[PDB]
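Shown below, as structure tokens, is a lone chain in the form solved without the partner chain; questions about how it binds or moves come after it.
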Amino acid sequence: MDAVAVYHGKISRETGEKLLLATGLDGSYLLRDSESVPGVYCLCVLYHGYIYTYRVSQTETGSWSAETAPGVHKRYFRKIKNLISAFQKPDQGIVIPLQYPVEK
């Protein structure tokens, strides 16, 4: 994602954990590639020493979404930055709002 300063590319899960833990701040976050599915990404959010990781995918229409619980209204975003902006807001269904970007 060339326009997403928090995108670290194909770093390992544990590398991402260590980058977030170095900040020591709940609400720190980054993006990295999925280790499991080509072209999927992981939004990684620090809270209380654990990295809450939300899989983010693009549709054939170009929109982006995060993995959502069964029965919950799933949200689609035109661009990654719009997903990020939405999840900066209080009380949106992730562990803590996205507050402290860990820039590559």
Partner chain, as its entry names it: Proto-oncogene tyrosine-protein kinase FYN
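Numbering follows the first chain given and starts at 1.
Between 60-68 and 26-34, the higher mean Cα B-factor belongs to 60-68. Taking the PDB entry as given, 73-81 carries the higher mean Cα B factor of the two stretches 73-81 and 47-55.
Ranked against the other modelled residues of its chain, the C-alpha B-factor of residue 5 as given in the entry falls in the highest third. When all modelled residues of the chain are sorted by CA temperature factor, residue 16 is found within the lowest third.
This protein has a second form, the form solved in complex with the partner chain, left out of what is shown; the following refers to that one.
Interface membership of residue 82, defined by any non-hydrogen atom within 4.5 Å of the partner chain in the entry with it bound, is confirmed.
Annotation for 31-62: the only interface residue with the partner chain in the entry with it bound is 61 [heavy atom within 4.5 Å].
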